[PDB]
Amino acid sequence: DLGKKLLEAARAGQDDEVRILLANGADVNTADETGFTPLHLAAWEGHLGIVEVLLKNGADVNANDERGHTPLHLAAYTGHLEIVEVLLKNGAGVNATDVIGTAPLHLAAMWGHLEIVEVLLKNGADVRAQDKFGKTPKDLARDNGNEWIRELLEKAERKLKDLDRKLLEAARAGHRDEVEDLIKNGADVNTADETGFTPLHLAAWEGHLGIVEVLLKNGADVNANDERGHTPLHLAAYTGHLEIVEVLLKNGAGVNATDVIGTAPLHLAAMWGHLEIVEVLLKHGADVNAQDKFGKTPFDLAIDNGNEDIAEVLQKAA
């Protein structure tokens, strides 16, 4: 019974009653049938004093209702700026998503709460977050005619695109500290250039081992395909970067991936004379019988190109 009274007092804005109920043992994190806590209801109705009292007494700032909405979602939707600021100060998750993929920034942008948008952005909100329909917050601002917010979010996305371009260049050039700084300031490790090369492609091609490792640790797709089907492992096998081959395989690289010509990493290592790489690829399950579009196996290429030691290794594995 205490829990129900606290929910109602919080919803009704009964500041004195909230304090008494808490003093008498009401559970600050009690939840109604749909998972709303007193903090949800105070944030939704705009009762700043009660929000602060609930947080002072142990309220879970990131409590989820049964569909994933947090108190920050509700304050962002209803446009309660000071409550947004208090929630964030008490640890609210600025990028939390409900079961539809909707984050607080989606709601502030859709419902035209500019100062809340600006506060969410200052607190780390992700302008690239897409809901289940594929909408970013900018998309919703545009669709709903909130042009000032749309323009603000467009500028923010253009700054991230610039960071993405610098990340490609730093990864190609081997500037490790620049790579790490760019990732920390929000560069997308899975960005790709016009031909489909990602930072991981460029680092593997240029033999930048440390950068390969940093990119994979920050979530880079080990099996990303460029526009012709080449993966990072293709490029490391071609250029002969043995340690990078081993890191890629350790991180899940597909050992038998083929480009649009049917060329696999083993073809490239055998053709270009990289014996240790051939051996590592065989150890990880490379397919000696794979034929490219010309009908050539890796053994065929080793024979055609005079790589006798490799030809013998591949016959042993026939």
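Residue numbers run from 1 along the displayed sequence.
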Given the B-factors recorded for C-alpha atoms, which segment has the greater mean, 17 to 25 or 303 to 311? 17 to 25
Mind pulling up the entry and telling me whether 126 to 134 or 175 to 183 has the higher mean Cα temperature factor? 175 to 183
Determine, from the deposited record, the chain-internal third of the Cα B-factor for residue 93: lowest, middle or highest. middle
Name the third of the chain's ranked CA B-factors that contains residue 263, choosing lowest, middle or highest. lowest
Relative C-alpha B-factor of residue 165, binned into the chain's lowest, middle or highest third: highest
Ordered by C-alpha B-factor within the chain, which third holds residue 293? Give me lowest, middle or highest, please. highest
Within this chain's modelled residues, let me know which third the CA B factor of residue 31 belongs to: lowest, middle or highest. highest
